[PDB]
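Protein chains in written order, with PDB author numbering: chain A, 2 to 204, 211 to 520; chain A', 2 to 204, 211 to 520; chain A'', 2 to 204, 211 to 520. A prime marks a further copy of an entry chain.
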Amino acid sequence: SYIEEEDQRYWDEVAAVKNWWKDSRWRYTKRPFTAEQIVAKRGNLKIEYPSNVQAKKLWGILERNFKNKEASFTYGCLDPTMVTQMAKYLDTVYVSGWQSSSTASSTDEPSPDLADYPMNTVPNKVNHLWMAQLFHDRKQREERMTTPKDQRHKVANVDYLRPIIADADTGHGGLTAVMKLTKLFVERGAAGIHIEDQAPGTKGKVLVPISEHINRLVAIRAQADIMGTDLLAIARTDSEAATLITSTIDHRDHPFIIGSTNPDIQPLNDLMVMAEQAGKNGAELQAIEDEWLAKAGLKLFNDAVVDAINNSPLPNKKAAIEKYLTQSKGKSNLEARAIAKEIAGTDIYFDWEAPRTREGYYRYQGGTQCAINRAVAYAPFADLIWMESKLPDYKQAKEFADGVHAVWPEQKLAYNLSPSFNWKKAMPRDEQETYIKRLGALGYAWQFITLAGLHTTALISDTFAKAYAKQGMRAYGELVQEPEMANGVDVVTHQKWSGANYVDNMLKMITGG
Amino acid sequence: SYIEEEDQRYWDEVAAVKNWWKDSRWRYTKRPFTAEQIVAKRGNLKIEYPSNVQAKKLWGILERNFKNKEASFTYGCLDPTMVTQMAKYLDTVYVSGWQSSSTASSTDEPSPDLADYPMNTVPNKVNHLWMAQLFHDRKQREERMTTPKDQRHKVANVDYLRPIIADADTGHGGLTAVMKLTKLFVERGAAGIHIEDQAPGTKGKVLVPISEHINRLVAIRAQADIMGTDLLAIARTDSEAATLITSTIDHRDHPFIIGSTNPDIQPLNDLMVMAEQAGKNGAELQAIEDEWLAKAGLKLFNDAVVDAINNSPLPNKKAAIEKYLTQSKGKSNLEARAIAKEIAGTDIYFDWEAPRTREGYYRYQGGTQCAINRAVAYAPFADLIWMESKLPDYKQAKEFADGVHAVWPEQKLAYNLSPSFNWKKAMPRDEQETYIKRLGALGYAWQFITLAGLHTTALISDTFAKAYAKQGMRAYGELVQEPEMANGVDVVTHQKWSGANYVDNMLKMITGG
Amino acid sequence: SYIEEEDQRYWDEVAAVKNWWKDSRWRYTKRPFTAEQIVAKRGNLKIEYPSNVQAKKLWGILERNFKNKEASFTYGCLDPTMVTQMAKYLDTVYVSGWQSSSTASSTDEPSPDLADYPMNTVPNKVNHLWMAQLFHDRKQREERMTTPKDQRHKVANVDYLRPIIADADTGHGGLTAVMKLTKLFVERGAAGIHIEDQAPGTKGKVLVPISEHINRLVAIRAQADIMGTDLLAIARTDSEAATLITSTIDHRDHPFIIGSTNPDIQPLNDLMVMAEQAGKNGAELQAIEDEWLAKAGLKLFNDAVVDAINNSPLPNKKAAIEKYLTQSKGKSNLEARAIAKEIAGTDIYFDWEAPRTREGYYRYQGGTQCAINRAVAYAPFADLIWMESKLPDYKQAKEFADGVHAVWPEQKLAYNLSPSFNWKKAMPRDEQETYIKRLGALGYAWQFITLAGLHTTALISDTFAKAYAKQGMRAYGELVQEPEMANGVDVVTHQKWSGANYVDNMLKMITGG
C-alpha cells in the first residue's frame, strides 16, 4: 500500500514545485529541467531554509528599484561589529571574496585574490554575519517587548535583518562543486550569490566558453530549486579585461578569438619549447614570445577577411564587406570561412592555435562588445548581470546597459564602484554625489563598494595606533571617545549592546521560580 | 637492549629539562613537580612550537621595561587587517575574550562577556592573527630580498612578528581543561596567556578559593613545561569587585568572608525556600532577601570580635584589640575564634552560612586588601599579576603596586586601561598623556586598552555608512580615500599589500623553467 | 502604527506558544516561566528547525513502548558508514561523549572521558551523522522514484532517518552555557539530549545540589521553547557511585551527607595543610588522611542520632527512634538537629565540614536510595530518567524503577547496558537474551550499549590488519569479502552506495538540455 501511498506523494510534491514555478519571481527565469526531476532528487524530509525569507526580501527590494529606477548600495562587510552599524543606514550587505581572501580563510592562511582558499570560506563568512544579525534582532526585540507600549515609540527599531549577497567566485570547481557551494550558501543565510565567467585557477583574464558558464547559473538554479529557495543568481562577466579563453568550442565565442595570419611562421609552442630545451633563460623566452606575436599579425578573421577585400583589385568593396558582414551574423567560424571565399575569391589564411599559450589557451578579445555579447546570453538564466568594470565610466556604463537592454528591456543590472579610482581628484563633486543615482536610471538596481570595509578599517587602525603610540590615553579619548559619544554610537554603551540585559532577564526567567 | 637504550634516553631528557629550568627566565618561578615527572608525560617525538620563540621575545621586552621602569601598551586586535597597522607602532598584540565573545565564536553564536563559548574560540583567534603575521613577514622579506642591497635601505622593515597575549578566561573548566586550553594556546602562536580567580559560569563577582587558582597557574606551567615552551603566565584577580566566594575552605580567605551576628534570625535559604513554596512572586523574594540582610548584621569576625570589645565594660581596649589583632595574623577562623574568647571572655557569635546564596555561595569582601592578599599568594607561580580595575585610579594603583612589592620587590605587573572611564572629561590633558608612563614607574610593565579595536571599528563604520548613505561616492573619497593616501596607509596600495608580487614571482619560480 | 501592529504580533505569538503548551507532549512537563517571557526572548524571524520533526518521532516511539511496556535499544554510533547499517535494524541512534572523547574532538586532541573538550564536540558529532542521514535518504528516494511503480515493491526502503540522542554531559558550564549547548544541539538534528548531576570538571564522583541540576533541565527547556522544538530532555543521575557533593546548601541532600562525630579531632585541612608545610611527601598525606577518616567516625546524623538512642539508659527506644524518624521526614538538618535533642535529651555531635576535601567538598552517601531521591525530584522537569548503573543488576533495576514509580507511576526510564560486565561468563543465555525485554517491563523504554561502536570497530580492525599482515590479499577476501557479499552488505556495491547514480542523473538533469 505504501507504494500507492508513496507515489501520490511524489506526484503532489511535483504539482507543488510547478505551481511555485508560476511565481512572479520566475517570470524571467528559464528552467531547462522539470519539477518531475527536481522533485526526484529530494528526500523524505523537507527542510525549510530561513535564508529563503531573506531572498524574498531582496526580490522585493530589487524589483521596486528597477521600476522606480533607483538603486541600493552597500559595501563589503568584514565583521559582525560592522554588519551592525551598516544596518542603521544601508539595506543590503555584501560579502567579498577579495576581503575574505585577506581576512577570513577557513584554513587561516591568507592570500591575494585567488580562490585557492577552501569552498566554505565565504559561505562561512555569511554564517558569521547572519548569526549575529539574528542575534542583534533578539536583543532589540526583547528590549522593545519589555517596554511599555506607551513608551516603545522611543525605543530603537534598527532592521538588523538586511539581506546578504556573496561572492561565489567561479563555482569553486566543476558542476557538482557549484551545487555544493550553492547548498552551503543557502545554508548560511545568503539572499543571493554571484558567479563569474573566468576559469578556475588561472590568475590578463582567462575566460571560459559561454556554454560552460551558462551551465553554472543553471546548476545554481537546480540546487535552489531542490532546496526550494528563491535565491538570487547573479551573473558577472570578465570580458572587458579578458585576454584568453579556454576552448574554441563555443560557436558564439568565435567573433572574439584572435588567430594568426602569417603562414610563414612557426606556432609558438615548439619555438618556446625548443628555447626551453636549448637555453634561453626566462627572458629570451619572453623576448621570443614578444617578437613572435608582433610578427604573426593577429586579428579576428572578420577583420582578416575584411582586410583581404581592401587589398583586392576587387571593385565594389562595401557591397562585398557588407554581404559577408551581413550574411554571417551568428555563424560558426568554419562557416564564415566559407562565405568568405565565395565572397572574396581566395582562402584567407587564419590560424587560431599557433598563438595559444604554454598552457594551450586561446587569444581572446575582451571588451564591452564581448561583455554584452555574453551578458545577453547569460540573461535568461540569471537575476542580475554584472559587467565587472575596471574604471567608473558612465559612457561604458550606458553602452553596456543599453547594449543589454535591446534583447532584454527588463533586465536588472549590478555595478561595482571603483575602490581604486581616485574619485576625489578625478571628477567634480556633483559628478561624485550622483554617480550612483545616475547609473541607477540606467537600471543598475544594486551597487556596492567591494573593498570599503577593508579600507575604513585599515584607515582607522593606522590613525589610532599611531597617535596612541604618541599620546597614550589622550588619543583614545580624542580620536576614539568624544566622537563615539558625540555621534551616538550603539557600541558606546558597552555591555547593553553586547546583549547583557537579554541574558540577564533570561536567567531571571529560569532562575526565576 | 632497547631497554638500556630506552632508559638512558629518558634520563638524558631529564637532565635537559632541569638544565633548562636553570634559565634566568625561571629565577622567580616555583615548580612543585619534577623534571622526572614532566619528562614522563612526554612522548617519543619532540615537537618544537614556534610560539616559544615569541615568548622569548616577550620575556625579553618585559624584562627591560621593569628594569627601565617603562611600559609597553596595546589594545585588543580584532582582525588581521588590524594586527597589520598596529605593528608599525605597538610592540605586542592583545586578544580579548570580551571582543571574541562579540565577534569570534567558533560556533558563530554571539553573546555578552561570558565564557559560554567553546574553549578554542580564543586560541583560534590567536591562530587567526599569528598566521597572517607570518604571512605579512614573508611578503615583506620577499620584497626586500628581491631588491638591490644598495636600495633596500629604502624598503619597509615593519616587524610583523609582535608577540601575542590572550585571555584564557578562568581555564574554561577544571584542571585538565586548563591544560588542554594551554596546549591549544601554545599551538597557535601565543606568547602569553592570562587566567582569573573567578568561578567558571557564575556571572557582583563570584570568586574561587586561593588554592584552586594557585592550581591553575600551576597546571598552566606543567603543560608549558611538557611542550617545552617559555609561555608567560599572567595571573589576574577579581577581588576589588568580588562579592562572593565558593568555599570557606581556604585558610587565607577567612579574613575576608562575611558571617552573620544575629543568632535570633533564620538562615536565608529556608526563608527564601518557603517563600518559594508559599507564593512570594519574584520581588517579595528579593524583598525578603534585602530585609533579611539588613537585619542579620554582617561583618568580618575580626570586626565582630572587635565590636565586642568596644561594648564591654572591659577596660584597656587597645591593649586587647591589639593582642587579638596581633596574635591572630594568618590564623584560621576556627582559630581566631579561640583567641577571641580567651581575650574577650565571651563567645562572639558569627555565622558565615546563614548568608550563603540560593546556590550556596559565601559573602566575601572584595577590595584592594583582598587583591594584594591573593596577588601576594599568586606571586610565586606567575609571571605578571593583574588586579583588574574598574576605574583608572592612581592611588589605588600605587597602593596595590606598593602592597604587592613588600613581599616581592621584583614583581612585574600588568594594568588594564579603562575603556569606559570618560578620559577626556575626567582628567587634565597632562594627567592623560602620562597616565601610562606613571603607572609604568610603579612597575606596570604591560598595559592595554582591552576594547580598543571594537571601538575604533564601530566608530568608523557608523561614520562611513552614514555619510555614504548620504553623499554616495563622495563620502568614500572624502572620509575614506584622501586620508588613506594623505596618511600613507599600506592598504592604500590594494593588491601589493595582499601579497600579489609574492605569489607572482612564485609562479614565475615554478612556471619558470 | 507599527506599535499597535508590533504589539498585537507579540500577543498572538504568545497565544500560540501557550496553545502549543497544551500538547499531549507536555502533559507531564512543568514550566516555571511564561509564554509571555519565552516569546520575549524571540526575534522577528522564525526559524523552524528540522530536528523538531525528529523529536516528534521519538516522542511517538517512546510513548508506544511505555504503554506496550517494551523497549528500543541502540548503541553508540561512531561514524556515517556506521549510522548506515544500524538503520536497517535499530530505531534510534545514540551519540556518546566517551566515544567522542576518544575519536571526535573539535580540536582533534584526544582524552579519557572528561568533558575537557570543546562544547560543540558532540553537537558536531550529531551534525556528522544527521547530514549523512538526510543524504542517504535522498540517494534512496531518488532511486525509488526513478523506478517503475510496478517494480519499486522490490527496491529498498531503509529508514535512514532514525532519531538521534546525544550526551550533553553536565551542560558544559553554567546556566548560560547549558542553553548555548542546547541550541547547538537543536541546530544539528538532535532528537533528544541528556544531562547529568555531576559537577563540571571534577573527575568517586562529585555531585551537585539537587536544585542546581533542576536548574539545568529547566534551562534546557527554556531554550527548546524559544527555538520552538519538542526536544526530549533526559535526566541522568550519578548517585549510585557518587562520593562527594559541592554544597550543604540543598535541603534535600541532608539525609545523604556524612559528618564527623569525634569532637576530639582536628578538621582535616589544617592537618593536611600543615603536613604540606612541614614535609609529609605525597603518601604521608594520604596516610594521614586515611587514618584521620578511620578515626573521625562518620555517619549520617539520622544514624548518629539513632546510635545515640541505643547507647542511652533511655528506655523505650523504638518508640523514640520512630518519633524522630517519623516526625523528621523531609526536614532540614538544622531542624532534625532540633527534634533530636527534644527526643533524646542531649546534643548529638555532628560535623559535616571537618571531613571536606582539599577542594572543600562534602562527604556524600551515593546509592539507590540517593538515586531515587533525586530522580523523584528531577521527575517533573524531565522526559526520561536514567540512574546510570555500574553493573547489570535486575534487582537494583526493579527497586529503582519501583522506587521512582511510587511518586510518578507514569515515568519513562532509560537504562545503560554494561559494556564492561562479562555478559557471556556472568549470566545464563536465557538471562542474556531477555535482559532488555525484562527491564523493559519495568518501564525502561530506551536502552543502549554506550561503547558498542568503539568495540565492534576495534575488534574488526585488529582481526583484519593482523591476518592481512600475515596472508596479504587472502585475508581481505576471506575475512572481508565473501562475508560482505555472503551477507548482502549495502557497501558491497561500492559506488552505487556512495551516491553515484544520484549525482549521475543530476548532471544529466542540468547538462541535460
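Heads up, the beta-carbon is just placed ideally off N, CA and C, and yes, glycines get one too.
The DSSP-derived three-state label of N494 (chain A') is helix. For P149 (chain A), no chain A'' residue has a Cβ inside 9 Å of its Cβ, as the nearest lies near 10 Å away. Taking a Cβ-Cβ cut-off of 8 Å, the neighbours of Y90 (chain A') in chain A comprise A472, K473, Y475 and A476, given in sequence order. Of the candidates A':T108, A':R365 and A':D400, A':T108 places its Cα closest to the Cα of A133 (chain A). In the three-state scheme derived from DSSP, where H, G and I count as helix and E and B as strand, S25 (chain A) is classed as helix. Around the beta carbon of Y3 (chain A), fewer than 16 other beta carbons sit within 10 angstroms, so the residue counts as exposed.
Within the same chain, no residue comes within 8 Å of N323 (chain A') by CB-CB distance, once the 5 residues on both sides are set aside. In the DSSP assignment, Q55 (chain A') falls outside any beta strand (DSSP E) and within the unbroken alpha helix (DSSP H) covering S52 to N69. Contact between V156 (chain A) and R142 (chain A) does not hold, since their C-beta atoms are separated by about 10 Å, which reaches or exceeds 8 Å. Rounded to whole angstroms, the gap between the alpha carbons of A167 (chain A'') and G410 (chain A'') is 26 Å. Residues of the region 299-331 of chain A whose Cβ lies closer than 7 Å to any Cβ of chain A'': none. By the neighbour-count definition (other C-beta atoms within 10 Å, threshold 16), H195 (chain A'') is a buried residue.
Scanning its chain for C-beta atoms nearer than 8 Å, with the 5 sequence neighbours on each side dropped, one finds around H173 (chain A') the residues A116, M120, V179, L182 and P201, in chain order. Rounded to the nearest angstrom, the gap between the Cα atoms of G193 (chain A') and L59 (chain A') is 8 Å. Secondary structure in the region 262-310 of chain A': the beta strand (DSSP E) runs of 3 residues or longer, each lying completely within the stretch, are 264-267 in chain order.
For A382 (chain A) and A17 (chain A), the gap between their C-alpha atoms comes out near 32 Å. If you ignore the 5 residues before and after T148 (chain A'), its C-beta comes within less than 6 Å of the C-beta of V156, all in its own chain and listed in chain order.
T203 (chain A'') and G175 (chain A') do touch by the CB rule: their CB atoms are close to 6 Å apart, below 8 Å.
Identification of chain A' residues near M120 (chain A'') by a Cβ-Cβ cut-off of 7 Å yields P119, ordered along the chain. Taking a 10 Å sphere around the C-beta of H154 (chain A''), we find fewer than 16 other C-beta atoms and assign the residue as exposed. When rounded, the separation of the alpha-carbon atoms in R436 (chain A') and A378 (chain A') is 30 Å. For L238 (chain A), the closest Cβ of chain A'' is not nearer than 8 Å.
Contacts between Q439 (chain A) and chain A', judged by CB atoms closer than 8 Å, involve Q478, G479, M480, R481 and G484 in chain order. In the DSSP annotation of this structure, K42 (chain A') is not part of any alpha helix (DSSP H), being labelled neither H nor E. The shortest C-alpha to C-alpha distance from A459 (chain A) to any of A:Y451, A:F471 and A:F428 is the one to A:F428.
When beta bridges are read from the DSSP output, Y118 (chain A'') appears opposite no residue. Residues of chain A' whose Cβ lies closer than 9 Å to the Cβ of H129 (chain A'') do not exist, since the nearest Cβ in that chain is about 15 Å away. Assigned with DSSP and collapsed to three states, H501 (chain A') falls in helix. The closest CA to that of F407 (chain A''), considering only A'':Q376, A'':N512, A'':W430 and A'':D310, is found on A'':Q376. With a cutoff of 8 Å on beta-carbon distance, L300 (chain A'') and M279 (chain A'') are scored as not near each other. Apart from sequence neighbours up to five positions away, the residues of its chain that approach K330 (chain A'') with a beta-carbon distance below 7 Å are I350, ordered along the chain.
Chain-ordered, the chain A' residues with CB closer than 8 Å to the CB of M132 (chain A) read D109, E110 and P111. Taken through DSSP and simplified to helix, strand or coil, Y161 (chain A') comes out as coil.
Contact check between the region 224-240 of chain A' and the region 262-281 of chain A': fewer than three CB pairs, one atom from each, fall below 8 Å, which does not count as touching.
Runs of the alpha helix (DSSP H) lying entirely within the region 164-189 of chain A' and spanning at least 4 residues, in chain order: 176-188. Under the DSSP definition of a beta bridge, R243 (chain A) partners with A:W393.
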